[PDB]
Amino acid sequence: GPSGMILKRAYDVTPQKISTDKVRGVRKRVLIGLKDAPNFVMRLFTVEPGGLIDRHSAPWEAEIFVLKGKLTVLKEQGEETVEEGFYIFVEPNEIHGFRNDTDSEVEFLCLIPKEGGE
Amino acid sequence: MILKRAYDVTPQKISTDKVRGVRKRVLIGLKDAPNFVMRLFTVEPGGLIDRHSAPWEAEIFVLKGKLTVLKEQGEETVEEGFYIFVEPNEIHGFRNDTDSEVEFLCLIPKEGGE
Ligand SMILES: [Cu+2]
Ligand SMILES: [Cu+2]
């Protein structure tokens with residue numbers, strides 16, 4: 001592929017609304033997307049207050065790093081709190097979801113293999 | 001599902017002829033990762049990762065401080081809230097010219113090891 005290095009403020013990317021049957025109150029910035037990624041993509045998710053990614057699973061793994069705020073992680077059995085400075089590894093096919101139970105925005109990085117899109 | 005405070009992962013000190021004043025935490029390593037690994041680097045004041053290149057890409061997010069990025073020629077300083085995409089084979093390195101620790105997340109395909 002091409003040469004070089006991209007160096008960019010993540011907030012230069014506009015946060016786009018995600019609205020699906022299972023997601024509400026979430027925006028996403030694609031940082032390193034399909035147009036560039038040899039293997040895996042980097043997105044920055046913003047969960048608005050009360051925002052919800054309902055429990056689901058995917059056939060690929062996810063790697064998450066929490067940048068800002070206090071995030072409720074939905075698990076097959078129950079839920080757990082994480083905050084800025086936590087990482088999360090979601091195995092392929094593992095049930096997971098997220099909710100923001102606070103009154104300020106939560107931000108997290110989420111990376112998936114590029115076969116799962118951006 | 002693994003949920004952990006990154007700080008609680010024990011950092012590995014690196015001090016070699018090419019890397020000094022750097023600590024590395026393997027957050028998501030080879031034992032867990034099907035495809036790519038997640039590391040968190042801390043660069044002490046004056047710390048250096050000298051110029052090098054790899055056959056794989058790197059995806060970085062700057063978490064704390066002002067990171068000086070070495071390029072094939074010259075350098076560029078960025079700060080917390082920047083992401084960096086290093087193409088495969090691109091010469092790169094890092095330095096911390098500030099008086100406080102700099103931290104960045106770095107992910108590579110698992111062929112790059114942990
Ligand atoms: Cu998911
Ligand atoms: Cu490197």
# chains A, B, ... in the order shown; residues from 1 in each chain; ligands from 1
>>> interface_residues(of="chain B", to="chain A", cutoff="10 Å", atoms="only C-alpha atoms", output="VMD selection string")
chain B and resid 1 to 8 27 to 28 32 to 38 56 to 63 69 71 to 72 76 to 92 105 107 to 109
>>> residues_near_ligand(ligand="ligand 1", cutoff="7 Å", atoms="only C-alpha atoms and all ligand atoms", output="PyMOL selection string")
chain A and resi 56-58+96-97
>>> write_last_selection(atoms="N, CA and C atoms", output="PDB file, in the first residue's frame")
ATOM      1  N   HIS A  56     -25.660  -7.365  22.479  1.00  0.00           N
ATOM      2  CA  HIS A  56     -25.557  -8.071  21.215  1.00  0.00           C
ATOM      3  C   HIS A  56     -24.251  -8.859  21.181  1.00  0.00           C
ATOM      4  N   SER A  57     -24.047  -9.629  20.128  1.00  0.00           N
ATOM      5  CA  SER A  57     -22.736 -10.230  19.906  1.00  0.00           C
ATOM      6  C   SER A  57     -22.397 -10.109  18.423  1.00  0.00           C
ATOM      7  N   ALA A  58     -21.125 -10.275  18.100  1.00  0.00           N
ATOM      8  CA  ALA A  58     -20.594 -10.181  16.755  1.00  0.00           C
ATOM      9  C   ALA A  58     -19.637 -11.344  16.530  1.00  0.00           C
ATOM     10  N   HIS A  96     -22.273  -8.423  24.756  1.00  0.00           N
ATOM     11  CA  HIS A  96     -21.763  -7.179  25.337  1.00  0.00           C
ATOM     12  C   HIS A  96     -22.692  -6.050  24.944  1.00  0.00           C
ATOM     13  N   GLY A  97     -22.700  -4.999  25.745  1.00  0.00           N
ATOM     14  CA  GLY A  97     -23.391  -3.776  25.441  1.00  0.00           C
ATOM     15  C   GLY A  97     -22.862  -2.694  26.380  1.00  0.00           C
TER      16      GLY A  97
END
>>> residues_near_ligand(ligand="ligand 2", cutoff="7 Å", atoms="only C-alpha atoms and all ligand atoms", output="VMD selection string")
chain B and resid 52 to 54 92 to 93
>>> select_by_dssp(residues="range 25-103 of chain A", states="strand (DSSP E or B)", output="VMD selection string")
chain A and resid 25 to 32 40 to 56 62 to 68 70 to 75 79 to 83 86 to 90 96 to 99
>>> write_last_selection(atoms="N, CA and C atoms", output="short mmCIF file (atom, residue, chain, number, x, y, z; two decimals), in the first residue's frame")
data_model
loop_
_atom_site.label_atom_id
_atom_site.label_comp_id
_atom_site.auth_asym_id
_atom_site.auth_seq_id
_atom_site.Cartn_x
_atom_site.Cartn_y
_atom_site.Cartn_z
N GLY A 25 -28.48 7.35 21.23
CA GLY A 25 -27.67 8.26 22.01
C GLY A 25 -26.18 8.01 21.90
N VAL A 26 -25.73 7.66 20.71
CA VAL A 26 -24.32 7.35 20.43
C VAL A 26 -23.87 8.07 19.17
N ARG A 27 -22.66 8.60 19.20
CA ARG A 27 -22.03 9.14 18.00
C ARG A 27 -20.69 8.45 17.81
N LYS A 28 -20.20 8.49 16.58
CA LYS A 28 -18.96 7.81 16.24
C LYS A 28 -18.10 8.65 15.31
N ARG A 29 -16.79 8.63 15.55
CA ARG A 29 -15.79 9.17 14.65
C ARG A 29 -14.96 8.02 14.11
N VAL A 30 -14.90 7.89 12.79
CA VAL A 30 -13.96 6.94 12.20
C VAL A 30 -12.59 7.60 12.10
N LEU A 31 -11.60 7.09 12.83
CA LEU A 31 -10.26 7.64 12.85
C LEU A 31 -9.38 6.98 11.80
N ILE A 32 -9.29 5.65 11.85
CA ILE A 32 -8.56 4.88 10.87
C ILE A 32 -9.54 3.86 10.31
N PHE A 40 -7.15 -3.65 10.68
CA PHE A 40 -8.14 -3.35 11.72
C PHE A 40 -8.37 -1.83 11.75
N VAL A 41 -9.55 -1.47 12.23
CA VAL A 41 -10.00 -0.09 12.20
C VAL A 41 -10.06 0.50 13.61
N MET A 42 -9.93 1.83 13.66
CA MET A 42 -9.97 2.58 14.90
C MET A 42 -11.13 3.58 14.87
N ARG A 43 -12.07 3.49 15.80
CA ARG A 43 -13.18 4.41 15.93
C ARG A 43 -13.20 4.98 17.34
N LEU A 44 -13.72 6.20 17.46
CA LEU A 44 -13.94 6.86 18.74
C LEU A 44 -15.44 7.05 18.93
N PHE A 45 -15.99 6.38 19.92
CA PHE A 45 -17.41 6.42 20.21
C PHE A 45 -17.67 7.39 21.36
N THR A 46 -18.75 8.13 21.23
CA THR A 46 -19.26 9.02 22.23
C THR A 46 -20.64 8.54 22.67
N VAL A 47 -20.80 8.24 23.95
CA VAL A 47 -22.10 7.83 24.47
C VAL A 47 -22.68 9.03 25.22
N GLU A 48 -23.77 9.56 24.69
CA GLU A 48 -24.43 10.69 25.34
C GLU A 48 -25.03 10.24 26.66
N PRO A 49 -25.36 11.17 27.53
CA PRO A 49 -26.02 10.80 28.79
C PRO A 49 -27.28 9.99 28.52
N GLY A 50 -27.41 8.84 29.18
CA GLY A 50 -28.52 7.93 28.98
C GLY A 50 -28.42 7.08 27.73
N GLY A 51 -27.38 7.27 26.92
CA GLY A 51 -27.17 6.52 25.70
C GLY A 51 -26.93 5.05 25.95
N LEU A 52 -27.25 4.21 24.97
CA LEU A 52 -27.37 2.77 25.13
C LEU A 52 -26.96 2.07 23.84
N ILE A 53 -26.03 1.13 23.95
CA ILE A 53 -25.72 0.10 22.99
C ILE A 53 -26.23 -1.20 23.60
N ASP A 54 -27.38 -1.70 23.12
CA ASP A 54 -27.98 -2.86 23.76
C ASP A 54 -27.12 -4.11 23.57
N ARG A 55 -27.31 -5.05 24.48
CA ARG A 55 -26.65 -6.34 24.40
C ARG A 55 -26.80 -6.95 23.02
N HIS A 56 -25.66 -7.37 22.48
CA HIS A 56 -25.56 -8.07 21.21
C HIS A 56 -24.25 -8.86 21.18
N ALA A 62 -13.54 -7.36 19.74
CA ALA A 62 -13.40 -5.93 19.88
C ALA A 62 -12.40 -5.60 20.99
N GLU A 63 -11.63 -4.55 20.76
CA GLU A 63 -10.64 -4.05 21.70
C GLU A 63 -10.98 -2.60 22.00
N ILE A 64 -11.23 -2.31 23.26
CA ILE A 64 -11.72 -1.01 23.70
C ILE A 64 -10.81 -0.36 24.72
N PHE A 65 -10.67 0.97 24.62
CA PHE A 65 -9.96 1.73 25.66
C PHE A 65 -10.81 2.94 26.00
N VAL A 66 -11.16 3.09 27.28
CA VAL A 66 -12.04 4.15 27.73
C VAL A 66 -11.23 5.44 27.96
N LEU A 67 -11.60 6.49 27.25
CA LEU A 67 -10.92 7.77 27.25
C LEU A 67 -11.49 8.78 28.23
N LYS A 68 -12.80 8.70 28.47
CA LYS A 68 -13.48 9.74 29.23
C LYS A 68 -14.74 9.19 29.87
N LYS A 70 -17.50 7.48 32.85
CA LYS A 70 -17.81 6.27 33.57
C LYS A 70 -18.85 5.50 32.77
N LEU A 71 -18.43 4.34 32.30
CA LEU A 71 -19.23 3.56 31.36
C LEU A 71 -19.73 2.28 32.01
N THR A 72 -21.03 2.02 31.85
CA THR A 72 -21.60 0.76 32.31
C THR A 72 -21.48 -0.28 31.20
N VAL A 73 -20.83 -1.39 31.50
CA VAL A 73 -20.67 -2.48 30.55
C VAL A 73 -21.71 -3.56 30.84
N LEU A 74 -22.50 -3.85 29.81
CA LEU A 74 -23.50 -4.90 29.89
C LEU A 74 -22.89 -6.24 29.48
N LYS A 75 -23.06 -7.23 30.34
CA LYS A 75 -22.44 -8.54 30.15
C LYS A 75 -23.54 -9.59 30.00
N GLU A 79 -23.85 -6.54 34.92
CA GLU A 79 -23.17 -5.37 34.37
C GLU A 79 -22.05 -4.97 35.33
N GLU A 80 -21.12 -4.20 34.81
CA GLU A 80 -19.92 -3.80 35.52
C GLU A 80 -19.57 -2.38 35.09
N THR A 81 -18.99 -1.63 36.00
CA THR A 81 -18.57 -0.29 35.68
C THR A 81 -17.10 -0.21 35.32
N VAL A 82 -16.78 0.60 34.32
CA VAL A 82 -15.41 0.94 34.01
C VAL A 82 -15.35 2.47 33.92
N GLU A 83 -14.14 2.99 33.85
CA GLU A 83 -13.95 4.43 33.67
C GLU A 83 -12.72 4.68 32.80
N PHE A 86 -9.49 2.36 31.64
CA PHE A 86 -9.76 0.94 31.54
C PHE A 86 -9.71 0.50 30.08
N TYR A 87 -9.29 -0.73 29.88
CA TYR A 87 -9.42 -1.41 28.60
C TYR A 87 -10.39 -2.58 28.74
N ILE A 88 -10.95 -2.95 27.60
CA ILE A 88 -11.89 -4.07 27.51
C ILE A 88 -11.52 -4.92 26.29
N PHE A 89 -11.48 -6.23 26.50
CA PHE A 89 -11.38 -7.17 25.41
C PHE A 89 -12.68 -7.97 25.33
N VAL A 90 -13.34 -7.91 24.19
CA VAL A 90 -14.58 -8.63 23.94
C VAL A 90 -14.25 -9.77 22.96
N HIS A 96 -22.27 -8.42 24.76
CA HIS A 96 -21.76 -7.18 25.34
C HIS A 96 -22.69 -6.05 24.94
N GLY A 97 -22.70 -5.00 25.74
CA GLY A 97 -23.39 -3.78 25.44
C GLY A 97 -22.86 -2.69 26.38
N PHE A 98 -23.36 -1.48 26.23
CA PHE A 98 -22.85 -0.36 27.01
C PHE A 98 -23.98 0.61 27.32
N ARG A 99 -23.89 1.27 28.45
CA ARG A 99 -24.86 2.30 28.80
C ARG A 99 -24.14 3.41 29.56
#
>>> residues_around(residues="residue 11 in chain B", least_positions_apart="2", cutoff="10 Å", atoms="only C-alpha atoms", output="VMD selection string")
chain B and resid 6 to 9 13 to 14 22 to 27 39 to 42
>>> write_last_selection(atoms="N, CA and C atoms", output="JSON list (two decimals), in the first residue's frame")
[["chain", "number", "residue", "atom", "x", "y", "z"],
["B", 6, "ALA", "N", -5.82, -0.15, 32.99],
["B", 6, "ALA", "CA", -4.54, -0.31, 32.33],
["B", 6, "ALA", "C", -3.37, -0.10, 33.27],
["B", 7, "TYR", "N", -3.46, 0.86, 34.18],
["B", 7, "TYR", "CA", -2.38, 1.13, 35.12],
["B", 7, "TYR", "C", -1.98, -0.12, 35.88],
["B", 8, "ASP", "N", -2.93, -0.99, 36.16],
["B", 8, "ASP", "CA", -2.70, -2.17, 36.98],
["B", 8, "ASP", "C", -1.93, -3.26, 36.25],
["B", 9, "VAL", "N", -1.80, -3.16, 34.93],
["B", 9, "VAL", "CA", -0.95, -4.04, 34.15],
["B", 9, "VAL", "C", 0.49, -3.62, 34.44],
["B", 13, "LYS", "N", 10.04, -2.24, 31.72],
["B", 13, "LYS", "CA", 11.06, -1.25, 31.38],
["B", 13, "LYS", "C", 11.84, -1.69, 30.14],
["B", 14, "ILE", "N", 12.09, -0.75, 29.23],
["B", 14, "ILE", "CA", 12.97, -0.99, 28.10],
["B", 14, "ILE", "C", 14.16, -0.04, 28.11],
["B", 22, "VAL", "N", 11.57, 4.25, 28.49],
["B", 22, "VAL", "CA", 10.25, 3.83, 28.03],
["B", 22, "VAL", "C", 9.78, 2.64, 28.85],
["B", 23, "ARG", "N", 8.49, 2.59, 29.13],
["B", 23, "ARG", "CA", 7.83, 1.48, 29.80],
["B", 23, "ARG", "C", 6.69, 1.01, 28.89],
["B", 24, "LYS", "N", 6.48, -0.29, 28.82],
["B", 24, "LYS", "CA", 5.47, -0.86, 27.95],
["B", 24, "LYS", "C", 4.54, -1.77, 28.73],
["B", 25, "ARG", "N", 3.24, -1.54, 28.63],
["B", 25, "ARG", "CA", 2.22, -2.41, 29.18],
["B", 25, "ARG", "C", 1.54, -3.15, 28.03],
["B", 26, "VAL", "N", 1.50, -4.47, 28.13],
["B", 26, "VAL", "CA", 0.74, -5.26, 27.16],
["B", 26, "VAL", "C", -0.66, -5.46, 27.73],
["B", 27, "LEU", "N", -1.62, -4.73, 27.18],
["B", 27, "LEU", "CA", -2.99, -4.79, 27.68],
["B", 27, "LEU", "C", -3.75, -5.98, 27.12],
["B", 39, "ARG", "N", -1.13, -2.23, 23.27],
["B", 39, "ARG", "CA", -0.09, -1.88, 24.22],
["B", 39, "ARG", "C", -0.26, -0.41, 24.63],
["B", 40, "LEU", "N", 0.27, -0.08, 25.79],
["B", 40, "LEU", "CA", 0.28, 1.29, 26.31],
["B", 40, "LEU", "C", 1.71, 1.61, 26.71],
["B", 41, "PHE", "N", 2.30, 2.56, 25.99],
["B", 41, "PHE", "CA", 3.66, 3.01, 26.21],
["B", 41, "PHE", "C", 3.68, 4.27, 27.06],
["B", 42, "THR", "N", 4.58, 4.30, 28.02],
["B", 42, "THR", "CA", 4.91, 5.50, 28.76],
["B", 42, "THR", "C", 6.34, 5.92, 28.42]]
>>> atom_distance(atom1="CA of residue 10 in chain B", atom2="CA of residue 100 in chain A")
29.0 Å
>>> residues_around(residues="residue 20 in chain B", least_positions_apart="2", cutoff="6 Å", atoms="only C-alpha atoms", output="list in words")
residues 15, 22, 47 and 48 of chain B
>>> atom_distance(atom1="CA of residue 97 in chain B", atom2="CA of residue 45 in chain B")
6.2 Å
>>> select_by_dssp(residues="chain A", states="helix (DSSP H, G or I)", output="ChimeraX atom specification")
/A:10-12,114-116
>>> write_last_selection(atoms="N, CA and C atoms", output="mmCIF file, in the first residue's frame")
data_model
loop_
_atom_site.group_PDB
_atom_site.id
_atom_site.type_symbol
_atom_site.label_atom_id
_atom_site.label_comp_id
_atom_site.auth_asym_id
_atom_site.auth_seq_id
_atom_site.Cartn_x
_atom_site.Cartn_y
_atom_site.Cartn_z
ATOM 1 N N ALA A 10 -8.194 13.767 16.876
ATOM 2 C CA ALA A 10 -9.399 12.960 16.701
ATOM 3 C C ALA A 10 -10.638 13.845 16.595
ATOM 4 N N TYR A 11 -10.694 14.942 17.332
ATOM 5 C CA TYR A 11 -11.848 15.837 17.319
ATOM 6 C C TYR A 11 -11.957 16.626 16.021
ATOM 7 N N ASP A 12 -10.984 16.551 15.121
ATOM 8 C CA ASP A 12 -11.183 17.126 13.797
ATOM 9 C C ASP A 12 -12.187 16.323 12.982
ATOM 10 N N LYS A 114 -10.934 -5.459 10.283
ATOM 11 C CA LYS A 114 -11.596 -4.695 9.244
ATOM 12 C C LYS A 114 -12.692 -5.482 8.547
ATOM 13 N N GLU A 115 -12.677 -6.800 8.645
ATOM 14 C CA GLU A 115 -13.779 -7.613 8.136
ATOM 15 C C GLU A 115 -15.116 -7.227 8.748
ATOM 16 N N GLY A 116 -15.135 -6.594 9.909
ATOM 17 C CA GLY A 116 -16.373 -6.174 10.533
ATOM 18 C C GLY A 116 -16.825 -4.788 10.135
#
>>> closest_residue(among="B:111, B:12, B:50, B:102", to="residue 70 in chain B", atoms="only C-alpha atoms")
B:50
>>> atom_distance(atom1="CA of residue 46 in chain B", atom2="CA of residue 100 in chain B")
9.3 Å
